[PDB]
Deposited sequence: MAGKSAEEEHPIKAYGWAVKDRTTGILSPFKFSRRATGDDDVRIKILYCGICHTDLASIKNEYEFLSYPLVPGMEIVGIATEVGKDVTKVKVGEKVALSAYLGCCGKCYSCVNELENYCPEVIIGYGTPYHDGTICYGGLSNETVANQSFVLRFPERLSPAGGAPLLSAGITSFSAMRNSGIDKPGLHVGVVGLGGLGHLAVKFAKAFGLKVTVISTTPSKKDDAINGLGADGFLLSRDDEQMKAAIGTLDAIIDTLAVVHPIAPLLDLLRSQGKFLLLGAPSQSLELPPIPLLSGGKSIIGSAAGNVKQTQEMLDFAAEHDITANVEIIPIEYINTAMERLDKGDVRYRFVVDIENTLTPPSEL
């Protein structure tokens, strides 16, 4: 029933510190999950940045949880104790020694994937996978643009390439050209701040995958879309964006929200990622580094994912 982790005790500071708490006992349909790794996504950074008003005073962040089933209720049939499992994010998150969830919320973590590199698949991976699949951008030949080479974006590139798409990375960090092209497999690299290159790419893209969490302008991006092209909104900005009616109507173009859910689809994504050997490029960090990573994350100073090592790094205060 007892548990421990790292928590933000003061919403104004956002600083994480050790916290002990207690968890519900394993019910008849629940699954015991020993947490080995938890990925750090933007939602965690935002919650630490005091951007979610509905937050509870002690905040344990982390949504990309890969773990080991170590106990199951009597009615749990799919999951077995000892199995490497991961939790789709549908009270206390993943920066803890263990968690408990209804068996329906647990997915089997594929044999062939690293649990550390595979953990950001459970939020970033399914988001990219679901958006591309639901919107029918999975077809070999399509030219797609990925806006923002962050955590979500760099995974979007890998899924897009494994779908057989041509991928252009649209970013504001010129130093990332080699990572995008050689490290992630992108076919092209477009500098957002180069209107000359930008104007050359007008009407070239079948679809755009927007992973940014800042407001930014979408009108210059929409102009990169061919007629009837699709603009996939995957990032969740705190503010809202300014839809320019003129560029959208003229062009038959559409903006589609990311229904990145459907835990059954999440399992399909995991099996897809297993077949194509897709994981995130990860930086495994100790929990005592979490606050430094938070400031590195806010400044984009990471190579596309922080993953906290619950395995060897959470030490038990009590």
### Task
Report the unmodelled segments of the deposited sequence as residue ranges counted from 1.
1-11, 102-135, 364-365
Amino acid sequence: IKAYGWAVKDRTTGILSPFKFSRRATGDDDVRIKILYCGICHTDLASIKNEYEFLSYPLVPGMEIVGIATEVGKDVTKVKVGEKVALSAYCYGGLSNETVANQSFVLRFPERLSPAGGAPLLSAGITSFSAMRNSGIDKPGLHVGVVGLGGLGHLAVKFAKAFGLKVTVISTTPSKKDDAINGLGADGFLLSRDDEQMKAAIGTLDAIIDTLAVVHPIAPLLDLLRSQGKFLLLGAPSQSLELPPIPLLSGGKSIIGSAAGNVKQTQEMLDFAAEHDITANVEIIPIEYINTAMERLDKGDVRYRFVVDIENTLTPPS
From here on, numbers count along this sequence of modelled residues.
### Summary
Mean B factor on CA atoms, stretches 148-156 and 235-243, record says higher is 235-243
### Message
Quick check on the record: does 42-50 or 252-260 carry the larger mean Cα temperature factor?
### Response
42-50
### Task
Can you pull the Cα B-factors for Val79, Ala207, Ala116, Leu122 from the entry and say which is highest?
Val79
### Query
From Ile126, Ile170, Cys91, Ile137, pick the one with the largest CA B-factor in the entry?
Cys91
### Query
Should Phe105 be placed in the lowest, middle or highest third of its chain by the C-alpha B factor in the entry?
highest
## Note on the structure
Assert third(CA B-factor, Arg32) within chain per record equals highest
### Query
Comparing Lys74 with the other modelled residues of its chain, is its CA B-factor in the lowest, middle or highest third?
highest
### Task
Please rank the C-alpha B-factors of the chain's modelled residues and tell me whether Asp179 sits in the lowest, middle or highest third.
middle
### Task
Rank-wise, by C-alpha B-factor, drop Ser130 into the lowest, middle or highest third of its chain.
lowest
